[PDB]
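Okay, so here's the structure we're looking at.
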Amino acid sequence: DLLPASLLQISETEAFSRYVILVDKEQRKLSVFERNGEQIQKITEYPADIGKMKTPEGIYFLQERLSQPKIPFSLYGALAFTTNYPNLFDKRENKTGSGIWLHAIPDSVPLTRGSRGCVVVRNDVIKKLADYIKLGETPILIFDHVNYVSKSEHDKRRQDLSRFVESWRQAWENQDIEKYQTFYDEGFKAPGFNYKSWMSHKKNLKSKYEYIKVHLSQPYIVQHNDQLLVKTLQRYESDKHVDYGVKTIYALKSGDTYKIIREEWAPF
Amino acid sequence: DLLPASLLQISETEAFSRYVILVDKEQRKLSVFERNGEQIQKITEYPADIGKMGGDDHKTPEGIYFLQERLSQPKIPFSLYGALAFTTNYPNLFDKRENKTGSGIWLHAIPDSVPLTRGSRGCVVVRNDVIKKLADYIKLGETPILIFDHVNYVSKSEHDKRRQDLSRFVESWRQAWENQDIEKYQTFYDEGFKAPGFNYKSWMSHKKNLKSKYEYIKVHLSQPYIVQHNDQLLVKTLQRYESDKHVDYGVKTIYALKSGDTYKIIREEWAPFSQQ
Ligand SMILES: [Br-]
Ligand SMILES: [Br-]
Ligand SMILES: [Br-]
Ligand SMILES: [Br-]
Ligand SMILES: [Br-]
Ligand SMILES: [Br-]
Ligand SMILES: [Br-]
Ligand SMILES: [Br-]
Ligand SMILES: [Br-]
Ligand SMILES: [Br-]
Ligand SMILES: [Br-]
Ligand SMILES: [Br-]
Ligand SMILES: [Br-]
Ligand SMILES: [Br-]
Ligand SMILES: [Br-]
Ligand SMILES: [Br-]
Ligand SMILES: [Br-]
Ligand SMILES: [Br-]
Ligand SMILES: [Br-]
C-alpha cells in the first residue's frame with residue numbers, strides 16, 4: 001500500500017543492483033526492495049537493530065563479504081558485509097570512526113550487543129540476505145525515520161526528482177553553461193576540480209566540441225533529509241567519440257531545490 | 001651504484017607491480033625501479049617537481065602510495081594536467097591516523113610552456129613526454145609511488161643489510177604467528193592497533209580463540225614489498241593461511257611505526273585473492 005519516501009527509484013542498469021536494502025532504525029526492520037520497471041516494490045523484510053556497544057544515518061553501498069576465520073562468530077555471526085562508510089557526505093563533515101557493517105551475532109546474544117552503529121540481524125537472516133547482495137553495487141540505506149507515503153505521492157516525488165535530473169542533463173547536453181552552472185554549489189568538488197575549474201573546463205570543451213549528446217540510464221534516486229544521491233549509467237558522445245561510465249551525483253537541499261556538491265565518474 | 005635506503009624490496013607476486021616509482025622532491029627527480037629477484041634496479045629517471053598552487057610551513061605531503069586510476073581528456077583539462085593523470089590512494093592509513101590530510105595527490109603532466117610547479121599543491125608533475133613513458137610502467141591499483149622530501153642513497157652492501165634486517169623482522173612475526181606463540185606475536189602490535197572489525201584486544205582474543213580450536217597452522221608469505229621511510233614501515237605480500245579446516249590466499253598489507261629500535265604494527269589488512 002505504502003512506499004518509503006526516500007527511495008524513489010532503482011536503476012534499470014543490470015550491472016548495478018536490482019535490490020536495495022532499507023534499514024528503518026525506529027521500526028527495527030530491514031526491508032528489501034526491487035526494481036519493477038520505473039517502480040519499486042518490497043520483496044521481503046526481517047527484524048534488525050543497531051549495535052549499541054548518535055548512530056550514523058546515510059546512503060551506503062555494500063562492498064565486501066567477510067566470514068570465518070577472518071572474523072569471529074562471537075561478534076559477527078556467520079557473515080558480515082562491509083560498507084563504504086564514510087561516504088562523501090560523511091567526509092564533507094570529517095566523520096570517521098570504526099565503520100558500518102551489516103552483520104549477524106550468536107542466537108544467544110541480543111542484536112543490540114553489536115558494535116555501535118552496525119546493522120545487526122540474526123544468523124539465519126544474514127544467510128538469506130546474502131542472496132540479494134551484489135558486492136560493490138547493492139545500496140544499504142540506514143535511516144532513523146522512514147516516512148511511508150501512498151503510491152500516488154511516491155510517484156509524484158519520483159517524477160519531481162526525475163525532472164530535476166532531466167533539467168540538469170538537458171542543460172549539460174545543450175552546453176548551456178549559464179543554466180548548467182545553477183545546478184552546482186559553489187563549494188562543489190570532484191577529483192581534480194573545484195567549482196571554478198569545473199565550469200572553466202566545461203566552457204573550454206564547448207569551444208572544441210560544439211555538439212554533444214548525454215544519455216542517462218534509468219537511475220538510482222535516493223533523497224533523505226538534506227541529501228540527494230543519483231547514480232546512473234551515462235553515455236557521453238562528443239567528436240564522433242563515445243564513452244560509457246558510472247555517474248554519481250551528490251547534492252544537498254538548496255531552498256526549494258538542490259545543488260550538486262560532488263560528481264563522480266568511473267569508466268564502465 | 002647507490003640505492004635508495006627506503007625502498008628495500010619489491011614483491012615477487014606478479015598480480016602486484018614489478019615496478020616502483022620513486023619521487024625525490026629535493027633533487028626534482030622521478031625514477032622507476034624494477035624487481036630483480038631480491039634486488040632492485042633503477043631502469044630510468046626523469047625530471048619532476050611538486051605543484052605549489054592553491055595550497056604556512058609551505059611543505060607538501062610525503063608518503064608511500066599506490067596509483068589507482070588513469071585519467072585523460074576529455075575528462076580532465078590539458079591546461080591543468082597535460083596529457084595524462086594518475087590518481088593515488090592519498091590519504092593512506094598512515095595519513096588518516098595523523099588526521100591532518102589536505103588536497104588530493106595525483107601524478108600528472110602540464111603544458112610544455114609552463115613550469116611544473118604550476119600544479120596543484122602536493123601533486124607530482126612531469127612533462128607530457130615523460131607521463132606517456134611512465135604509463136608503460138604503471139599497473140592501475142598496484143604500482144607504488146613513493147613521494148619523499150629527501151632520498152638517502154646508500155651502498156649496495158648497506159642496502160642489502162637493511163633489507164635483511166627488515167626481512168628478519170617480517171620472518172620473526174610470521175614465525176610467531178605460525179607457532180601461535182601469543183606472547184611473542186603480541187609484541188609485534190601497537191596497543192592502538194586497528195583493523196576492520198578489530199582493536200588490539202579483540203584481535204588478540206580472536207587469535208587466542210583460533211589457537212584453542214586449531215592447534216597447528218601454516219602461514220606462507222610471498223617475497224614482500226618492503227618500504228621503510230621516516231617513522232613508517234609498509235610490508236605487502238601474498239599470504240597463504242592454512243589450518244586443518246580451510247586454506248585461503250589473500251593480499252596482506254602491514255602498516256607499522258617505529259618503536260624504539262624496532263617496529264609495532266598499527267594496521268593489518270587482508271583482501272581475498274583468486275586467479276580463477
Ligand atoms: Br543500462
Ligand atoms: Br560496474
Ligand atoms: Br518492526
Ligand atoms: Br562544511
Ligand atoms: Br561509526
Ligand atoms: Br548461534
Ligand atoms: Br534480540
Ligand atoms: Br554475497
Ligand atoms: Br534472490
Ligand atoms: Br524514508
Ligand atoms: Br552564462
Ligand atoms: Br570528490
Ligand atoms: Br527540485
Ligand atoms: Br563525466
Ligand atoms: Br620536455
Ligand atoms: Br630513500
Ligand atoms: Br583499518
Ligand atoms: Br565494525
Ligand atoms: Br589474515
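Numbering starts fresh at 1 for the residues of each chain in the C-alpha cells, the chains themselves are lettered A, B, ... in the order given, and ligands are numbered from 1 as they appear.
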
Distance-based interface of chain B with chain A, 10 Å, counting only C-alpha atoms, as a ChimeraX atom specification
/B:69,71,73-81,85,87,96,99,103-106,120,194-199,202-203,205-207,209-210,243,245-246,248,270-272

Contact table chain A vs ligand 2, cut-off 7 Å, shortest pair per residue, only C-alpha atoms and all ligand atoms, as a tab-separated table:
residue	atom	partner	partner_atom_place_in_ligand_line	distance
A:15	CA	ligand 2	1 (Br)	5.5
A:16	CA	ligand 2	1 (Br)	6.2
A:246	CA	ligand 2	1 (Br)	7.0
A:268	CA	ligand 2	1 (Br)	6.0

Range 26-217 of chain B: residues DSSP assigns to strand (DSSP E), reported as number ranges by chain
B: 29-36, 39-47, 49-50, 63-71, 85-88, 106-108, 124-125, 144-148, 153-154, 189-195, 198-199

Could the residues in this selection be saved with C-alpha atoms as an mmCIF file, in the first residue's frame?
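The resulting file, result26.cif, is reproduced below:
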data_model
loop_
_atom_site.group_PDB
_atom_site.id
_atom_site.type_symbol
_atom_site.label_atom_id
_atom_site.label_comp_id
_atom_site.auth_asym_id
_atom_site.auth_seq_id
_atom_site.Cartn_x
_atom_site.Cartn_y
_atom_site.Cartn_z
ATOM 1 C CA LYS B 29 63.711 13.618 -9.976
ATOM 2 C CA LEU B 30 61.351 10.715 -10.589
ATOM 3 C CA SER B 31 62.884 7.257 -11.004
ATOM 4 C CA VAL B 32 61.493 3.870 -11.996
ATOM 5 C CA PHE B 33 62.798 0.799 -10.182
ATOM 6 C CA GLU B 34 62.201 -2.809 -11.210
ATOM 7 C CA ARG B 35 62.380 -6.033 -9.243
ATOM 8 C CA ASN B 36 65.483 -8.140 -9.883
ATOM 9 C CA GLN B 39 67.309 -6.875 -5.504
ATOM 10 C CA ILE B 40 66.020 -3.685 -7.098
ATOM 11 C CA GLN B 41 67.358 -1.979 -10.217
ATOM 12 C CA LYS B 42 66.838 1.580 -11.432
ATOM 13 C CA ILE B 43 65.721 1.478 -15.052
ATOM 14 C CA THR B 44 65.020 5.146 -15.870
ATOM 15 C CA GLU B 45 64.859 8.640 -14.383
ATOM 16 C CA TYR B 46 63.273 11.938 -15.412
ATOM 17 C CA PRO B 47 62.875 15.467 -14.059
ATOM 18 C CA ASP B 49 58.613 18.644 -9.379
ATOM 19 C CA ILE B 50 55.805 19.217 -6.890
ATOM 20 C CA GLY B 63 54.443 9.068 1.925
ATOM 21 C CA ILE B 64 54.029 5.609 0.491
ATOM 22 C CA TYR B 65 51.220 5.472 -2.071
ATOM 23 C CA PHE B 66 49.777 3.325 -4.907
ATOM 24 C CA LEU B 67 48.489 4.596 -8.277
ATOM 25 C CA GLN B 68 44.775 3.910 -8.772
ATOM 26 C CA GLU B 69 43.140 5.374 -11.903
ATOM 27 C CA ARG B 70 44.272 6.789 -15.235
ATOM 28 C CA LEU B 71 42.599 9.970 -16.488
ATOM 29 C CA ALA B 85 46.985 11.950 -14.796
ATOM 30 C CA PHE B 86 47.221 9.037 -12.394
ATOM 31 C CA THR B 87 45.383 9.243 -9.099
ATOM 32 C CA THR B 88 46.753 7.936 -5.815
ATOM 33 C CA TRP B 106 47.995 12.886 -8.405
ATOM 34 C CA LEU B 107 50.906 12.215 -10.733
ATOM 35 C CA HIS B 108 50.214 14.278 -13.841
ATOM 36 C CA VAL B 124 53.810 15.198 -8.684
ATOM 37 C CA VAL B 125 54.205 16.935 -12.048
ATOM 38 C CA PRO B 144 53.600 2.133 -5.800
ATOM 39 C CA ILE B 145 54.564 5.771 -5.967
ATOM 40 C CA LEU B 146 56.908 6.800 -3.150
ATOM 41 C CA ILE B 147 56.832 10.566 -2.643
ATOM 42 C CA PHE B 148 59.723 11.589 -0.382
ATOM 43 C CA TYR B 153 71.210 6.744 -1.258
ATOM 44 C CA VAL B 154 73.354 4.024 0.326
ATOM 45 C CA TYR B 189 51.438 -4.988 17.733
ATOM 46 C CA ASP B 190 50.810 -1.453 18.945
ATOM 47 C CA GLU B 191 48.158 -1.136 21.628
ATOM 48 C CA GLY B 192 46.322 1.293 19.335
ATOM 49 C CA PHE B 193 46.159 -1.311 16.571
ATOM 50 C CA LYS B 194 43.057 -1.355 14.407
ATOM 51 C CA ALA B 195 41.801 -3.459 11.525
ATOM 52 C CA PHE B 198 39.018 -5.208 15.404
ATOM 53 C CA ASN B 199 41.021 -3.414 18.005
#

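Residues of protein, DNA or RNA having any atom at most 9 Å from ligand 13, counting only C-alpha atoms and all ligand atoms, are residues 160, 161, 162, 163, 164, 165, 253, 254, 256, 257 and 258 of chain A.
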
Selection near residue 102 in chain B, 12 Å with only C-alpha atoms, sequence-local residues under 6 positions removed, as a PyMOL selection string
(chain A and resi 94) or (chain B and resi 54-55+59-62+90-92+95-96+120-123)

Go through the chains and note each residue within 12 Å of ligand 5, using only C-alpha atoms and all ligand atoms, then give the set as a PDB file with C-alpha atoms, in the first residue's frame.
ATOM      1  CA  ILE A  50      21.628  -1.165  15.524  1.00  0.00           C
ATOM      2  CA  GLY A  51      24.637  -2.187  17.571  1.00  0.00           C
ATOM      3  CA  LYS A  52      24.949  -0.248  20.825  1.00  0.00           C
ATOM      4  CA  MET A  53      28.388  -1.362  22.053  1.00  0.00           C
ATOM      5  CA  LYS A  54      24.109   9.229  17.835  1.00  0.00           C
ATOM      6  CA  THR A  55      24.458   6.270  15.491  1.00  0.00           C
ATOM      7  CA  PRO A  56      25.085   7.157  11.833  1.00  0.00           C
ATOM      8  CA  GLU A  57      22.437   7.506   9.156  1.00  0.00           C
ATOM      9  CA  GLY A  58      23.164   7.597   5.474  1.00  0.00           C
ATOM     10  CA  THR A  83      30.057  -0.631   3.599  1.00  0.00           C
ATOM     11  CA  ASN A  84      31.628   2.454   2.058  1.00  0.00           C
ATOM     12  CA  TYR A  85      31.190   4.462   5.266  1.00  0.00           C
ATOM     13  CA  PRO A  86      32.311   7.208   5.486  1.00  0.00           C
ATOM     14  CA  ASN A  87      30.730   8.311   2.204  1.00  0.00           C
ATOM     15  CA  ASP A  90      30.201  11.989   5.742  1.00  0.00           C
ATOM     16  CA  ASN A  94      35.052  14.915   8.719  1.00  0.00           C
ATOM     17  CA  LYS A  95      33.121  11.898  10.017  1.00  0.00           C
ATOM     18  CA  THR A  96      35.223   8.858  10.906  1.00  0.00           C
ATOM     19  CA  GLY A  97      35.094   6.018  13.422  1.00  0.00           C
ATOM     20  CA  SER A  98      35.085   2.244  13.485  1.00  0.00           C
ATOM     21  CA  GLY A  99      32.814   1.896  10.438  1.00  0.00           C
ATOM     22  CA  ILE A 100      29.448   0.445   9.478  1.00  0.00           C
ATOM     23  CA  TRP A 101      28.919  -3.236   8.682  1.00  0.00           C
ATOM     24  CA  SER A 115      29.271  -2.765  17.644  1.00  0.00           C
ATOM     25  CA  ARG A 116      27.972   0.802  17.683  1.00  0.00           C
ATOM     26  CA  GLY A 117      26.187   1.847  14.502  1.00  0.00           C
ATOM     27  CA  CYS A 118      26.426  -1.560  12.774  1.00  0.00           C
ATOM     28  CA  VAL A 119      23.250  -3.122  11.399  1.00  0.00           C
TER      29      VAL A 119
ATOM     30  CA  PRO B 196      38.303  -3.646  10.019  1.00  0.00           C
ATOM     31  CA  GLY B 197      36.194  -5.064  12.844  1.00  0.00           C
TER      32      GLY B 197
END

Got a sec: who's within 9 Å of residue 264 in chain A, counting only C-alpha atoms, leaving out chain neighbours fewer than 6 positions off, as a count of residues only?
7

Output as JSON, numbers by chain all residues of range 30-165 of chain B that backbone DSSP marks as helix (DSSP H, G or I).
{"B": [78, 79, 80, 81, 93, 94, 95, 96, 97, 98, 116, 117, 118, 128, 129, 130, 131, 132, 133, 134, 135, 156, 157, 158, 159, 160, 161, 162, 163, 164, 165]}

Keeping N, CA, C and O atoms, export the residues of the selection given above as a short mmCIF file (atom, residue, chain, number, x, y, z; two decimals), in the first residue's frame.
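What landed in part-v9.cif:
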data_model
loop_
_atom_site.label_atom_id
_atom_site.label_comp_id
_atom_site.auth_asym_id
_atom_site.auth_seq_id
_atom_site.Cartn_x
_atom_site.Cartn_y
_atom_site.Cartn_z
N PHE B 78 43.59 19.58 -20.18
CA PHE B 78 45.01 19.61 -20.51
C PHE B 78 45.71 20.81 -19.89
O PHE B 78 46.90 20.72 -19.55
N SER B 79 45.01 21.94 -19.75
CA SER B 79 45.67 23.14 -19.24
C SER B 79 46.20 22.93 -17.83
O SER B 79 47.20 23.56 -17.44
N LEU B 80 45.56 22.05 -17.06
CA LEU B 80 45.99 21.79 -15.69
C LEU B 80 46.80 20.51 -15.56
O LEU B 80 47.65 20.43 -14.66
N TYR B 81 46.55 19.51 -16.40
CA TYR B 81 47.06 18.16 -16.17
C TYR B 81 47.85 17.61 -17.35
O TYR B 81 48.34 16.48 -17.27
N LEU B 93 46.50 4.96 5.13
CA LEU B 93 46.15 4.68 6.52
C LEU B 93 47.07 5.41 7.49
O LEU B 93 46.62 5.78 8.58
N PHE B 94 48.35 5.59 7.14
CA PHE B 94 49.22 6.40 7.98
C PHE B 94 48.69 7.82 8.07
O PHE B 94 48.66 8.42 9.15
N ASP B 95 48.31 8.40 6.92
CA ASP B 95 47.83 9.77 6.88
C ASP B 95 46.55 9.93 7.68
O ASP B 95 46.37 10.92 8.38
N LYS B 96 45.64 8.96 7.56
CA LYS B 96 44.39 9.02 8.31
C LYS B 96 44.63 8.96 9.82
O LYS B 96 43.91 9.61 10.59
N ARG B 97 45.63 8.21 10.26
CA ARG B 97 45.91 8.14 11.69
C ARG B 97 46.41 9.48 12.21
O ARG B 97 46.10 9.87 13.35
N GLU B 98 47.20 10.20 11.40
CA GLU B 98 47.66 11.54 11.75
C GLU B 98 46.55 12.59 11.63
O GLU B 98 46.63 13.63 12.29
N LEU B 116 56.58 23.16 -14.08
CA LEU B 116 55.99 22.02 -13.38
C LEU B 116 55.31 22.44 -12.08
O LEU B 116 54.32 21.83 -11.68
N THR B 117 55.83 23.48 -11.41
CA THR B 117 55.29 23.92 -10.13
C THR B 117 53.95 24.63 -10.26
O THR B 117 53.35 24.96 -9.23
N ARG B 118 53.46 24.85 -11.48
CA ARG B 118 52.10 25.36 -11.58
C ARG B 118 51.04 24.33 -11.16
O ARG B 118 49.88 24.71 -10.99
N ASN B 128 54.90 16.22 -20.52
CA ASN B 128 53.96 15.38 -21.30
C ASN B 128 54.67 14.15 -21.88
O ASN B 128 54.10 13.13 -21.89
N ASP B 129 55.89 14.32 -22.37
CA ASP B 129 56.64 13.18 -22.95
C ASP B 129 56.92 12.17 -21.83
O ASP B 129 56.82 11.01 -22.08
N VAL B 130 57.20 12.67 -20.65
CA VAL B 130 57.53 11.78 -19.54
C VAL B 130 56.30 11.01 -19.08
O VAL B 130 56.39 9.80 -18.84
N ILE B 131 55.15 11.67 -18.95
CA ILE B 131 53.99 10.96 -18.41
C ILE B 131 53.58 9.84 -19.35
O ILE B 131 53.11 8.78 -18.90
N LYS B 132 53.77 10.04 -20.66
CA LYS B 132 53.45 8.99 -21.62
C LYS B 132 54.41 7.81 -21.50
O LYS B 132 54.00 6.65 -21.68
N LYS B 133 55.69 8.06 -21.23
CA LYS B 133 56.61 6.96 -20.97
C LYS B 133 56.24 6.22 -19.69
O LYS B 133 56.27 4.98 -19.65
N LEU B 134 55.90 6.96 -18.63
CA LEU B 134 55.61 6.30 -17.36
C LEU B 134 54.38 5.42 -17.44
O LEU B 134 54.27 4.43 -16.72
N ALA B 135 53.43 5.77 -18.32
CA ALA B 135 52.22 4.98 -18.43
C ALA B 135 52.53 3.53 -18.74
O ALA B 135 51.79 2.63 -18.32
N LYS B 156 75.25 -0.65 -1.98
CA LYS B 156 74.55 -1.92 -2.15
C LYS B 156 74.71 -2.80 -0.92
O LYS B 156 73.78 -3.51 -0.53
N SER B 157 75.90 -2.78 -0.31
CA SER B 157 76.11 -3.51 0.94
C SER B 157 75.19 -3.02 2.05
O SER B 157 74.56 -3.83 2.75
N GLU B 158 75.16 -1.71 2.27
CA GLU B 158 74.29 -1.15 3.29
C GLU B 158 72.83 -1.45 2.97
O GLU B 158 72.04 -1.79 3.86
N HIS B 159 72.45 -1.33 1.69
CA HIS B 159 71.07 -1.59 1.28
C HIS B 159 70.68 -3.03 1.58
O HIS B 159 69.61 -3.29 2.14
N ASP B 160 71.54 -3.98 1.22
CA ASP B 160 71.23 -5.38 1.48
C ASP B 160 71.16 -5.67 2.97
O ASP B 160 70.33 -6.47 3.41
N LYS B 161 72.01 -5.02 3.76
CA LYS B 161 71.95 -5.20 5.20
C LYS B 161 70.60 -4.75 5.74
O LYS B 161 69.95 -5.47 6.50
N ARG B 162 70.15 -3.56 5.33
CA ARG B 162 68.85 -3.06 5.75
C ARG B 162 67.72 -3.97 5.28
O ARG B 162 66.78 -4.23 6.04
N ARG B 163 67.80 -4.45 4.04
CA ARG B 163 66.77 -5.36 3.54
C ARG B 163 66.70 -6.62 4.38
O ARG B 163 65.62 -7.06 4.77
N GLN B 164 67.86 -7.21 4.70
CA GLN B 164 67.87 -8.42 5.52
C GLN B 164 67.33 -8.15 6.92
O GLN B 164 66.64 -8.99 7.50
N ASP B 165 67.67 -6.98 7.49
CA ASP B 165 67.17 -6.64 8.81
C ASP B 165 65.65 -6.64 8.83
O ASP B 165 65.03 -7.22 9.73
#

Hey, which bits of chain A sit within 12 Å of ligand 1, and for each residue what's the closest pair of atoms and how far apart in Å (one decimal), counting only C-alpha atoms and all ligand atoms, rows by chain and increasing number, as CSV?
residue,atom,partner,partner_atom_place_in_ligand_line,distance
A:10,CA,ligand 1,1 (Br),11.5
A:11,CA,ligand 1,1 (Br),7.8
A:12,CA,ligand 1,1 (Br),5.8
A:13,CA,ligand 1,1 (Br),3.7
A:14,CA,ligand 1,1 (Br),6.4
A:15,CA,ligand 1,1 (Br),7.8
A:16,CA,ligand 1,1 (Br),8.7
A:17,CA,ligand 1,1 (Br),11.4
A:18,CA,ligand 1,1 (Br),11.6
A:215,CA,ligand 1,1 (Br),10.1
A:216,CA,ligand 1,1 (Br),8.2
A:217,CA,ligand 1,1 (Br),5.1
A:218,CA,ligand 1,1 (Br),7.1
A:219,CA,ligand 1,1 (Br),8.9
A:220,CA,ligand 1,1 (Br),11.3
A:231,CA,ligand 1,1 (Br),11.3
A:232,CA,ligand 1,1 (Br),8.0
A:233,CA,ligand 1,1 (Br),5.8
A:234,CA,ligand 1,1 (Br),8.4
A:235,CA,ligand 1,1 (Br),9.5
A:244,CA,ligand 1,1 (Br),10.0
A:245,CA,ligand 1,1 (Br),10.5
A:246,CA,ligand 1,1 (Br),10.1
A:247,CA,ligand 1,1 (Br),11.9
A:268,CA,ligand 1,1 (Br),10.8

Keeping C-alpha atoms, export the residues of the selection given above as an mmCIF file, in the first residue's frame.
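Produced file result_10.cif, reproduced below:
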data_model
loop_
_atom_site.group_PDB
_atom_site.id
_atom_site.type_symbol
_atom_site.label_atom_id
_atom_site.label_comp_id
_atom_site.auth_asym_id
_atom_site.auth_seq_id
_atom_site.Cartn_x
_atom_site.Cartn_y
_atom_site.Cartn_z
ATOM 1 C CA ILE A 10 16.175 1.781 -8.564
ATOM 2 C CA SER A 11 18.444 1.763 -11.615
ATOM 3 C CA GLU A 12 17.466 -0.352 -14.614
ATOM 4 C CA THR A 13 21.164 -0.981 -15.333
ATOM 5 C CA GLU A 14 21.834 -4.679 -14.911
ATOM 6 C CA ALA A 15 25.472 -4.224 -13.860
ATOM 7 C CA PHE A 16 24.130 -2.337 -10.811
ATOM 8 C CA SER A 17 21.939 -3.912 -8.121
ATOM 9 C CA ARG A 18 18.271 -4.669 -8.755
ATOM 10 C CA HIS A 215 22.202 9.842 -22.215
ATOM 11 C CA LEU A 216 21.402 8.611 -18.711
ATOM 12 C CA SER A 217 20.005 5.192 -17.909
ATOM 13 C CA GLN A 218 17.088 4.991 -15.519
ATOM 14 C CA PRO A 219 18.846 5.952 -12.277
ATOM 15 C CA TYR A 220 19.009 5.062 -8.653
ATOM 16 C CA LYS A 231 23.545 7.015 -9.752
ATOM 17 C CA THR A 232 23.240 6.196 -13.457
ATOM 18 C CA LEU A 233 24.954 4.658 -16.460
ATOM 19 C CA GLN A 234 25.966 7.644 -18.580
ATOM 20 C CA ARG A 235 26.632 7.664 -22.332
ATOM 21 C CA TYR A 244 30.225 4.889 -21.079
ATOM 22 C CA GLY A 245 30.686 5.395 -17.359
ATOM 23 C CA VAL A 246 29.103 5.182 -13.925
ATOM 24 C CA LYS A 247 27.976 8.681 -12.915
ATOM 25 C CA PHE A 268 32.228 1.249 -17.373
#

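The two atoms in question, CA of residue 179 in chain A and CA of residue 167 in chain A, are spaced 9.2 Å apart.
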
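Nearest to ligand 16 of all the residues B:82, B:152, B:100, B:274 is B:152, counting only C-alpha atoms and all ligand atoms.
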
Which residues are close to residue 132 in chain A, i.e. within 9 Å by only C-alpha atoms, leaving aside same-chain residues fewer than 6 positions away? Reply as number ranges by chain.
A: 17-21, 32, 138

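Residues of protein, DNA or RNA lying at most 9 Å from ligand 8, when only C-alpha atoms and all ligand atoms are considered, are residues 64, 65, 81, 127, 129, 130, 131, 132, 133, 134 and 135 of chain A.
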
Could you turn the residues from that selection into a file that holds N, CA and C atoms, as a CSV table (one decimal), in the first residue's frame?
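again29.csv, freshly written:
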chain,number,residue,atom,x,y,z
A,64,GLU,N,32.3,-5.6,0.7
A,64,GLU,CA,33.0,-6.9,0.8
A,64,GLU,C,32.1,-7.8,1.7
A,65,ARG,N,32.3,-9.1,1.5
A,65,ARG,CA,31.7,-10.2,2.3
A,65,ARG,C,32.8,-10.9,3.1
A,81,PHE,N,29.0,-7.9,6.0
A,81,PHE,CA,29.1,-7.2,4.8
A,81,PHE,C,29.6,-5.8,5.1
A,127,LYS,N,22.2,-15.1,6.2
A,127,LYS,CA,22.4,-16.0,5.2
A,127,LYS,C,21.4,-15.9,4.0
A,129,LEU,N,19.8,-12.9,3.4
A,129,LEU,CA,20.1,-11.6,2.8
A,129,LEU,C,21.3,-11.6,1.8
A,130,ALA,N,22.3,-12.5,2.1
A,130,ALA,CA,23.4,-12.7,1.2
A,130,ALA,C,23.0,-12.9,-0.3
A,131,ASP,N,21.8,-13.6,-0.5
A,131,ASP,CA,21.4,-13.9,-1.8
A,131,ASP,C,20.9,-12.6,-2.6
A,132,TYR,N,20.6,-11.5,-1.9
A,132,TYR,CA,20.1,-10.3,-2.5
A,132,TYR,C,21.3,-9.3,-2.8
A,133,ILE,N,22.5,-9.6,-2.3
A,133,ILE,CA,23.5,-8.6,-2.2
A,133,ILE,C,24.5,-8.8,-3.4
A,134,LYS,N,24.6,-7.8,-4.3
A,134,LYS,CA,25.7,-7.8,-5.3
A,134,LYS,C,26.8,-6.9,-4.7
A,135,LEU,N,28.0,-7.5,-4.5
A,135,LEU,CA,29.1,-6.8,-3.8
A,135,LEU,C,29.5,-5.7,-4.7

For range 232-242 of chain B, find every residue with an atom within 8 Å (counting only C-alpha atoms), except residues of its own chain fewer than 3 positions away, and show them as a PyMOL selection string.
chain B and resi 11+13+64+94+217-229+245-258+263

As a PyMOL selection string, please: every protein or nucleic acid residue near ligand 3 (cut-off 6 Å, counting only C-alpha atoms and all ligand atoms).
chain A and resi 27-29

Those same residues - C-alpha atoms - I'd like them written as an mmCIF file, in the first residue's frame.
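Final file, result33.cif:
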data_model
loop_
_atom_site.group_PDB
_atom_site.id
_atom_site.type_symbol
_atom_site.label_atom_id
_atom_site.label_comp_id
_atom_site.auth_asym_id
_atom_site.auth_seq_id
_atom_site.Cartn_x
_atom_site.Cartn_y
_atom_site.Cartn_z
ATOM 1 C CA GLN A 27 10.839 0.127 13.433
ATOM 2 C CA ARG A 28 13.729 -2.228 13.984
ATOM 3 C CA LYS A 29 13.255 -3.628 10.496
#

May I have the residues within 6 Å of ligand 16, computed using only C-alpha atoms and all ligand atoms, as a ChimeraX atom specification?
/B:4-6,151-152

Let me have all residues with an atom within 8 Å of ligand 11, counting only C-alpha atoms and all ligand atoms, laid out as a PDB file with C-alpha atoms, in the first residue's frame.
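This is the output file pocket.pdb:
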ATOM      1  CA  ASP A 176      24.027  25.963 -21.790  1.00  0.00           C
ATOM      2  CA  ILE A 177      26.703  26.961 -19.300  1.00  0.00           C
ATOM      3  CA  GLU A 178      24.620  29.724 -17.708  1.00  0.00           C
ATOM      4  CA  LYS A 179      21.814  27.293 -16.882  1.00  0.00           C
ATOM      5  CA  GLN A 181      26.058  26.348 -13.522  1.00  0.00           C
TER       6      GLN A 181
END

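We find CA of residue 185 in chain B and atom 1 (Br, counted along the ligand's line) of ligand 18 to be spaced 23.1 Å apart.
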